[PDB]
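A.B. asks: Below is a structure I'd like to ask you about.
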Amino acid sequence: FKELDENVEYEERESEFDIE
Amino acid sequence: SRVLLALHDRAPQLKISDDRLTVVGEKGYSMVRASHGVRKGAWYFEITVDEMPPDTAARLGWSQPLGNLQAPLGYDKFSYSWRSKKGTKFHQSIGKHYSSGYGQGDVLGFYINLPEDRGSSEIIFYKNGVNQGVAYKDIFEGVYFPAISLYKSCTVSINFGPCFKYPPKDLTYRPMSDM
Amino acid sequence: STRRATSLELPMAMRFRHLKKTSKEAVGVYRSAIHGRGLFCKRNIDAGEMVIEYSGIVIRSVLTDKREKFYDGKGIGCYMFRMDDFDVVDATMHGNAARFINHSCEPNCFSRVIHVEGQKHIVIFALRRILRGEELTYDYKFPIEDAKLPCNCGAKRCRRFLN
Ligand SMILES: Nc1ncnc2c1ncn2[C@@H]1O[C@H](CSCC[C@H](N)C(=O)O)[C@@H](O)[C@H]1O
Ligand SMILES: [Zn+2]
């Protein structure tokens with residue numbers, strides 16, 4: 001797993017809540 | 001009391017205009033409900049897409065008070081939504097082909113019937129006065145408020161009535177403003 | 001003349017933007033007698049001192065259930081920290097050494113949400129003087145569940161379960 005430095009805000013997409 | 005967008009039944013990130021008939025979306029999908037809801041009869045309102053930049057989207061329709069304000073419309077069993085992108089209809093976050101999509105400059109109509117006794121409720125959507133067909137039948141029972149769900153800085157305006165730019169020709173109804 | 005009050009929020013901001021240099025001198029990952037790998041203390045650490053931030057991908061709080069069913073469905077792991085009633089730090093795929101901190105019922109550190117500039121960060125502070133070599137540790141404060149994650153913090157008065 002890649003390791004972070006600061007916090008990174010997630011950028012949602014339009015289908016982020018949809019069952020595929 | 002004027003039927004407007006709600007003062008507090010709203011996701012705080014959404015930008016609401018002073019007269020509470022306009023909303024700009026912020027980032028991920030978030031929802032605002034109107035100030036009044038209906039439980040019996042046929043009711044109507046119109047939404048105008050003021051501006052729809054690329055990669056922004058809307059899911060518009062009818063919601064119950066328990067619907068999630070921090071999720072898109074139609075995420076729950078409490079809301080039913082119509083997505084600009086591809087015209088998909090949504091309920092419990094299941095997307096189904098319903099109609100063609102809509103975009104900037106279109107005026108959309110929202111018809112709901114909650115007949116008195118049991119009578120079969122339905123939801124019908126309109127694009128610029130044109131019936132797109134029945135979207136849903138026999139929906140979850142309860143009180144439904146006009147709901148707006150926007151993804152990423154698009155702007156939409158709402159008309160609760162009493163007079164609409166494209167009043168439906170084939171159905172009887174009362175405007176939401178009568179509430 | 002005007003009476004002035006002391007700002008606790010100014011030195012906290014000054015302390016935070018030095019944390020990333022501070023933690024790399026202070027902490028390290030080793031094998032734990034509690035569980036797997038754990039974060040340990042590489043130099044004497046004083047009370048109230050900031051140890052490290054629980055950095056990750058900050059997603060909205062509504063996306064937790066979908067995230068957990070994708071994580072726990074694919075068998076990946078929890079690695080999620082609640083920041084707010086609106087925001088949650090997902091360190092599952094992107095994080096730092098703070099995700100190796102184990103839980104105890106008798107911790108020597110505690111978690112706190114603080115504000116710097118306009119954002120919030122989850123930072124771990126030392127509850128007491130912590131000597132070089134100790135394993136750093138805080139109370140996860142998991143929600144209580146039913147038939148259960150066994151805890152191995154190995155200190156007496158241990159609640160016998162992580163939740
Ligand atoms: N006190 C404890 N007893 C048993 N398992 C623990 C524990 N504290 C943390 N864990 C485990 O560690 C996970 C948190 S990640 C913490 C670091 C972990 N030791 C590792 O090597 O990756 C939890 O899912 C839990 O299963
Ligand atoms: Zn324990």
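Following the order of the structure tokens, first chain is A, next is B, and so on, with residues numbered from 1 inside each chain and ligands from 1 in the order they appear.
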List as a ChimeraX atom specification the protein and nucleic acid residues lying within 7 Å of ligand 2, with only C-alpha atoms and all ligand atoms counted.
C.D. replies: /C:104-105,151-155,158-162
A.B. asks: Okay, now the selection with N, CA and C atoms, as a PDB file, in the first residue's frame?
C.D. replies:
```pdb
ATOM      1  N   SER C 104      -4.937  -0.370  23.088  1.00  0.00           N
ATOM      2  CA  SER C 104      -4.945  -0.896  24.445  1.00  0.00           C
ATOM      3  C   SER C 104      -6.144  -0.340  25.188  1.00  0.00           C
ATOM      4  N   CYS C 105      -6.535  -1.064  26.233  1.00  0.00           N
ATOM      5  CA  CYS C 105      -7.419  -0.520  27.246  1.00  0.00           C
ATOM      6  C   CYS C 105      -6.663   0.329  28.254  1.00  0.00           C
ATOM      7  N   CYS C 151      -9.122  -8.624  22.248  1.00  0.00           N
ATOM      8  CA  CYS C 151      -7.991  -7.735  22.464  1.00  0.00           C
ATOM      9  C   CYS C 151      -6.854  -8.478  23.158  1.00  0.00           C
ATOM     10  N   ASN C 152      -5.621  -8.090  22.816  1.00  0.00           N
ATOM     11  CA  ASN C 152      -4.410  -8.720  23.332  1.00  0.00           C
ATOM     12  C   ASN C 152      -3.465  -7.689  23.944  1.00  0.00           C
ATOM     13  N   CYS C 153      -3.998  -6.548  24.400  1.00  0.00           N
ATOM     14  CA  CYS C 153      -3.156  -5.482  24.934  1.00  0.00           C
ATOM     15  C   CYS C 153      -2.373  -5.920  26.166  1.00  0.00           C
ATOM     16  N   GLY C 154      -2.773  -7.020  26.803  1.00  0.00           N
ATOM     17  CA  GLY C 154      -1.962  -7.660  27.820  1.00  0.00           C
ATOM     18  C   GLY C 154      -1.787  -6.896  29.111  1.00  0.00           C
ATOM     19  N   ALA C 155      -2.525  -5.812  29.313  1.00  0.00           N
ATOM     20  CA  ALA C 155      -2.515  -5.084  30.572  1.00  0.00           C
ATOM     21  C   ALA C 155      -3.756  -5.443  31.378  1.00  0.00           C
ATOM     22  N   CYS C 158      -8.005  -4.965  31.296  1.00  0.00           N
ATOM     23  CA  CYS C 158      -8.304  -4.997  29.868  1.00  0.00           C
ATOM     24  C   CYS C 158      -9.745  -5.431  29.623  1.00  0.00           C
ATOM     25  N   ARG C 159     -10.430  -4.719  28.726  1.00  0.00           N
ATOM     26  CA  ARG C 159     -11.849  -4.925  28.460  1.00  0.00           C
ATOM     27  C   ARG C 159     -12.153  -6.240  27.747  1.00  0.00           C
ATOM     28  N   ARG C 160     -11.138  -7.052  27.446  1.00  0.00           N
ATOM     29  CA  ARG C 160     -11.189  -8.400  26.891  1.00  0.00           C
ATOM     30  C   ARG C 160     -11.556  -8.402  25.407  1.00  0.00           C
ATOM     31  N   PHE C 161     -11.921  -7.264  24.818  1.00  0.00           N
ATOM     32  CA  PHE C 161     -12.336  -7.220  23.423  1.00  0.00           C
ATOM     33  C   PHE C 161     -12.107  -5.823  22.862  1.00  0.00           C
ATOM     34  N   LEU C 162     -11.731  -5.760  21.579  1.00  0.00           N
ATOM     35  CA  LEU C 162     -11.582  -4.474  20.908  1.00  0.00           C
ATOM     36  C   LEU C 162     -12.910  -3.747  20.751  1.00  0.00           C
TER      37      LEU C 162
END
```
A.B. asks: Using only C-alpha atoms, which residues of chain A come within 10 Å of chain B, and what is the closest atom pair for each, with the distance in Å to one decimal? Give it as CSV, sorted by chain and residue number.
C.D. replies:
```
residue,atom,partner,partner_atom,distance
A:10,CA,B:28,CA,9.8
A:11,CA,B:28,CA,7.7
A:12,CA,B:28,CA,5.7
A:13,CA,B:28,CA,7.2
A:14,CA,B:151,CA,6.7
A:15,CA,B:93,CA,9.5
A:16,CA,B:28,CA,8.6
A:17,CA,B:93,CA,6.8
A:18,CA,B:93,CA,5.1
A:19,CA,B:94,CA,6.0
A:20,CA,B:94,CA,8.1
```
A.B. asks: What are the residues of chain A that have an atom within 6 Å of an atom of chain C, counting only C-alpha atoms, as a ChimeraX atom specification?
C.D. replies: /A:1-4,6-10
A.B. asks: Write a file of the selected residues as a compact mmCIF listing (two decimals), in the first residue's frame, keeping N, CA, C and O atoms.
C.D. replies:
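Dumped to again29.txt:
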```txt
# COMPACT_ATOMS: atom_id res chain seq x y z
N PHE A 1 0.83 -1.20 0.00
CA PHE A 1 0.00 0.00 0.00
C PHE A 1 0.87 1.25 0.00
O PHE A 1 1.85 1.34 0.74
N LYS A 2 0.53 2.21 -0.85
CA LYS A 2 1.27 3.47 -0.91
C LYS A 2 1.05 4.26 0.37
O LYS A 2 -0.04 4.26 0.94
N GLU A 3 2.10 4.95 0.81
CA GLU A 3 2.08 5.64 2.09
C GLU A 3 2.08 7.15 1.88
O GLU A 3 2.83 7.68 1.05
N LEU A 4 1.24 7.84 2.66
CA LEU A 4 0.88 9.23 2.43
C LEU A 4 1.76 10.19 3.23
O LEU A 4 2.49 9.79 4.14
N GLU A 6 0.60 14.12 3.69
CA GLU A 6 -0.46 14.88 4.32
C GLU A 6 -1.78 14.18 4.04
O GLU A 6 -1.81 13.10 3.46
N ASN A 7 -2.88 14.80 4.45
CA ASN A 7 -4.17 14.26 4.08
C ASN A 7 -4.48 14.61 2.64
O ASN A 7 -4.10 15.67 2.14
N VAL A 8 -5.17 13.70 1.95
CA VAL A 8 -5.56 13.89 0.56
C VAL A 8 -7.07 13.76 0.48
O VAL A 8 -7.63 12.71 0.81
N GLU A 9 -7.73 14.84 0.06
CA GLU A 9 -9.18 14.81 -0.11
C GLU A 9 -9.56 13.90 -1.27
O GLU A 9 -9.06 14.06 -2.39
N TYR A 10 -10.43 12.94 -1.00
CA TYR A 10 -10.98 12.11 -2.06
C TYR A 10 -11.82 12.96 -3.01
O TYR A 10 -12.56 13.85 -2.58
```
A.B. asks: Residues contacting ligand 1 - anything with an atom at most 7 Å away, using only C-alpha atoms and all ligand atoms - can you give me those as a ChimeraX atom specification?
C.D. replies: /C:32,34-38,77-79,99-104,150-153,162
A.B. asks: Could you tell me how far atom CA of residue B:81 lies from atom CA of residue B:126, in Å and to one decimal?
C.D. replies: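 A separation of 12.6 Å between them.
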A.B. asks: Take atom CA of residue B:12 and atom CA of residue C:8 and report the distance between them in Å, one decimal.
C.D. replies: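 Atom CA of residue C:8 lies 28.2 Å from atom CA of residue B:12.
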